[PDB]
């Protein structure tokens with residue numbers, strides 16, 4: 001569904017980011033013998049740009065650059081991993 005929404009910007013234009021899937025971050029096991037160690041999991045998911053009413057915003061989606069996608073990826077992580 002629609003897990004969370006927050007106000008942000010795409011190339012300076014106000015929008016809503018809606019998070020549609022979130023895989024919770026699960027820490028790696030690093031302490032102790034290597035035989036018991038394992039990598040981290042999750043800390044990623046799926047999000048979309050929307051207008052302030054939560055409607056599709058294809059005109060903003062087209063304005064996303066890879067730089068913006070990377071910045072918003074981190075904004076989503078911080079929102080979903082917050083308290």
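Descriptive notes on the structure:
- Of all residue pairs spaced 6 or more apart or on separate chains, those with beta-carbon atoms under 7 Å, a first member in segment 30-55 that is touching a residue at least 40 places away in the same chain (Cβ under 8 Å) and a second member that is surrounded by 13 or more Cβ atoms within 10 Å (Cβ to Cβ) and in a loop (DSSP other than H, G, I, E, B) are 50/57.
- So residue 1, is it touching a residue at least 12 places away in the same chain (Cβ under 8 Å) and in a loop (DSSP other than H, G, I, E, B): yes
- The lone exception for residue 16 - which of (1) more than 10 Å from the chain's Cα centre (by Cα); (2) in a helix (DSSP H, G or I); (3) surrounded by 11 or more Cβ atoms within 10 Å (Cβ to Cβ) it fails: (2)
- Residue match in segment 21-36 (condition: part of a strand (DSSP E or B), touching a helix residue (DSSP H, G or I) at 6+ places or on another chain (Cβ under 9 Å) and farther than 16 Å from residue 74 by Cα): yes
Using ideal geometry, Cβ is built from the backbone for each residue, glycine included, and neighbour counts are taken over all protein chains shown. Coordinate-derived values only; no laboratory data.
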